[PDB]
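[1] Pasting an experimental structure with its sequence.
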Amino acid sequence: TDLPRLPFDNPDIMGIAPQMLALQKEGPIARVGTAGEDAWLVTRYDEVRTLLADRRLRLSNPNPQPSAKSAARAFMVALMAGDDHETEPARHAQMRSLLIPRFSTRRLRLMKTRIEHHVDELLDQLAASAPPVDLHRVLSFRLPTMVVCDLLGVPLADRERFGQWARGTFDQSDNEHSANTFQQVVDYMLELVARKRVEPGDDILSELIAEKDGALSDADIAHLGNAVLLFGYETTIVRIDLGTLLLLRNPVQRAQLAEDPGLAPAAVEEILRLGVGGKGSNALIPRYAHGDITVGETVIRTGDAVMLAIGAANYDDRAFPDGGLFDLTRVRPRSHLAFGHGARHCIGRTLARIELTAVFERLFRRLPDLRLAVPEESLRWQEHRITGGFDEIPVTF
Ligand code: HEM
Ligand SMILES: CC1(C)C[C@H]2C=C(C(=O)O)[C@@H]3COC(=O)[C@]4(CO4)[C@]23C1
C-alpha cells in the first residue's frame, strides 16, 4: 500500500506517465496525493466523459475553508468565472453566451483564408533560412499569436508585447511574477477597450461593446478579452510543437500525410488525442464535487477534489484500439477529450482545429526533409507553467 502522488514521473518526453496507465488498468478511479489537496483521479474514457457532463461536478470550490492555490491557478479560475461558487452558475452562463457568437461561421471562414496564406508565408521564410532553426519561435509561436491579433483587432507587432504573458500569468512557481504579468495584461486590455469604444472594427471587443445596447461595463468586457488573450494562443502553440514531434516519430504516417494532405483533419484529431507532454499535468481537468457522486463502487463526496485525466482517457485502449499508437487511418474514431466535454467544452476548438489543419496540410509537403537538430531527450517540458510546453524546438531541413 503506497498512496500515489501527482505529478507522476514520465521517462519519455511525451505520452502518459507509466503509473497513471497502471492505475487505469486497475480501475477507473483512484485516491491520490498531490502537491496540495488529495484528490480522486479518474483515468478511463467512459468515466471521464460521463463526469465532464455531470452538473454536480464544477470548477468552483464549494468548501467553507478553501485550500490555498497559486496565484497562477487563482487567475485561471477567475478568468473562467469559477472563483465564487455562489455566482458561478449565472456568471459562467453569461461568459459562454457572450463568447460563443464571437466565433461565428462568417468569422471562421475569413480567418481560415488568412491563416492559410500566413502559414504559406511562414514556411517560405523557414525554407529559405539556414538550419539549425528554432521551429517553435518561427512557426509554432507565430501562427496562433497572429490569430489572436486578428481576433482582438490589433497590429501583428503587438504579439511581441503580449507573447509571453500567458506563460508568465500561469507560472505556478512565482506568485509575484504571475501577479505582475497579469497586471500588464489588464492594463493592455483596458487600453484596448478604450480605443475600440471610439475606433471599433471587425473584432471581438468591438462586438462586446455593441452588445445589448452597450450594457456591459468596460471591466466586464476587458475580463472577457483577457480570457481570449490568455487562453487563445499558448495551448495552440503547444499543440503545433507536439504535433510536429509526433509526426517526426511516425515516418510512415508522416509520408502518408505528405502524399495526401486530405489526411490533415484526421492527423489533427490524432495529434490532439496523443499530444501530451512531460508529466502531463496540463492534461488534467480539475473539479470539485458540489453533491455526492458515485463512480463504480466509489463515492465522491460533496467538497472532494477530482482530477479528470483527459490525457490518460485519450490513450484508453477501451475507447481507442491500440490507444498508444498514432494512426491517421482509424475508422470512425471516438471523439477525443482534449477540448473537454460538457458545460465547459472549449469555446475556441473550431478555430484551433482550423489552425492545426492549415499547418499540417503544408508542413511536410513544404519541408520534406524536416527533422530534429538535437536529441529528443534534450527537449525540456516546462512543468512549472500550467500550460507546460517546450521552450524551443531546433530543426534542420
Ligand atoms: C489546441 C488548442 C486548445 C486546446 C487543447 C484547448 C483545450 C481546452 C480545454 C480542455 C478546455 C476545458 C477546461 C475545463 O473544462 O476546465 C478549454 C476551455 C476553454 N478554451 Fe480552449 N483549448 C484550445 C484552444 C483555445 C482557443 C484557440 C481559444 C480561443 C481563442 C480557447 C478558449 C477557451 C475558453 C474561453 C475556454 C473556457 C470555457 C469555459 O470555461 O466555459 N481555447 N480549452
Ligand atoms: C482554459 C485552459 C487553458 C484550457 C485547458 C487546456 C490546458 C492546457 O492544455 O494546458 C489548460 C491546462 O490547465 C487546465 O486546468 C486545463 C485543462 O483544463 C486548461 C485550462
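    Yes, it's here. Residues are numbered from 1 along each chain as shown. Ligands and ions are numbered 1, 2, ... in the order given.
[2] does ligand 1 sit close to stretch 30-42?
    No. Figure legend: stretch 30-42 not in contact with ligand 1 (C-beta under 6 Å from any ligand atom); closest approach 13.4 Å. In short, each C-beta sits where N, CA and C put it, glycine included.
[3] what's next to that stretch, contact-wise?
    Outside stretch 30-42, the residues that touch it by C-beta atoms under 8 Å, 6 or more residues apart in numbering are 3-7, 20, 23, 28-29, 43, 48, 51, 67-69, 295, 298, 300, 304-309, 313.
[4] same deal with stretch 137-148?
    111, 115, 118-119, 122-123, 125-126, 129, 156, 159, 162-163, 228-229, 232-234, 236-238, 240-241, 244, 351, 355, 358-359, 392-393.
[5] redo that, cut-off 6 Å
    Stretch 137-148 has contacts (C-beta atoms under 6 Å, 6 or more residues apart in numbering) with 118, 122, 126, 159, 163, 232, 233, 236, 237, 240, 241, 355.
[6] Who are the contact partners of the closest residue to residue 218 other than its chain neighbours?
    Counting by C-beta to C-beta, 6 or more residues apart in numbering, residue 218 lies nearest to residue 193, which is 5.1 Å off, once chain neighbours are set aside. For residue 193, the contacting residues are 205, 218, 221, 222, by C-beta under 6 Å, 6+ apart.
[7] again, only using 8 Å
    205, 209, 218, 221, 222, 225.
[8] Can you lay out those residues as a markdown table showing secondary structure and neighbour count?
    Formatted as a markdown table, those follow (DSSP: H, G, I helix; E, B strand; the rest coil; neighbours: other C-beta atoms under 10 Å):
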| residue | secondary structure | neighbour count |
| --- | --- | --- |
| 205 | helix | 26 |
| 209 | helix | 15 |
| 218 | helix | 15 |
| 221 | helix | 25 |
| 222 | helix | 23 |
| 225 | helix | 25 |
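[9] near ligand 1, which residues of the protein show up?
    So the chain meets ligand 1 at 59, 80, 96, 99, 227-228, 231-232, 235-236, 239, 285, 338-340, 344, 346-348, 351-352 (C-beta under 6 Å from any ligand atom).
[10] One more pass at 5 Å, please.
    80, 227, 231-232, 235-236, 239, 285, 339-340, 344, 346-348, 352 (C-beta under 5 Å from any ligand atom).
[11] Show me the subset of those residues that also lies near ligand 2.
    231, 235, 285.
[12] Could you double-check that the last one sits in contact with residue 305?
    It refers to residue 285. No. Taking contacts as C-beta atoms under 8 Å, residue 285 lies outside contact range of residue 305: 11.6 Å.
[13] Of the residues of the chain next to ligand 1, just the buried ones, PyMOL syntax please.
    With 16 or more other C-beta atoms under 10 Å as the criterion, this PyMOL line picks the buried residues out of those:
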select buried, resi 80+227+231+232+235+236+239+285+339+340+344+347+348+352
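[14] what's the farthest-apart pair in the residues of the chain next to ligand 1?
    Farthest pair in the residues of the chain next to ligand 1 (C-beta to C-beta) is 80 and 239. Separation: 19.8 Å.
[15] Compute the first-to-last residue distance for stretch 223-241.
    Distance across stretch 223-241, first residue to last, is 29 Å (C-alpha to C-alpha, to the nearest Å).
[16] ok, back up a step: among the residues of the chain next to ligand 1, name the ones in strands.
    residue 285 (DSSP state E).
[17] In helices, which of the residues of the chain next to ligand 1 appear?
    Within the residues of the chain next to ligand 1, residues falling in helices by DSSP state H are 227, 231, 235, 236, 239, 352.
[18] contacting residues around the fifth one?
    Contacts for residue 239 (C-beta under 8 Å, 6+ apart) come out as 271, 272, 275, 352, 356.
[19] Can you add distance to residue 55 and give those residues back as JSON lines?
    Below are those laid out as JSON lines (distance: C-beta to C-beta, whole Å):
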{"residue": "271", "distance to residue 55": "31"}
{"residue": "272", "distance to residue 55": "25"}
{"residue": "275", "distance to residue 55": "29"}
{"residue": "352", "distance to residue 55": "25"}
{"residue": "356", "distance to residue 55": "30"}
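[20] What is the burial count for residue 334?
    Counted by other C-beta atoms under 10 Å, the residues lying close to residue 334 total 15.
[21] Which strand or helix spans it?
    Using DSSP states H and E, residue 334 is not contained in any helix or strand.
[22] which non-adjacent residue is nearest the residue nearest to the spatial centre of the chain?
    With distances taken as C-alpha atoms, centre = their mean, the residue of the chain nearest its centroid is residue 235 (3.8 Å). Spatial nearest neighbour of residue 235, chain neighbours left out: residue 387 (5.7 Å); criterion: C-beta to C-beta, 6+ apart.
[23] wait, isn't the one you found in contact with residue 238?
    Yes. Residue 387 lies in contact with residue 238 (C-beta under 8 Å); the separation is 6.4 Å.
[24] Spatially nearest residue to residue 205, not counting backbone neighbours?
    That would be residue 196: by C-beta to C-beta, 6+ apart, it lies 4.6 Å from residue 205.
[25] Go through the helix or strand containing residue 208 and flag the buried ones.
    With elements taken from DSSP H and E, the one containing residue 208 is helix 204-210. For helix 204-210, the neighbour count (16+ other C-beta under 10 Å) marks 204, 205, 206, 207, 208 as buried.
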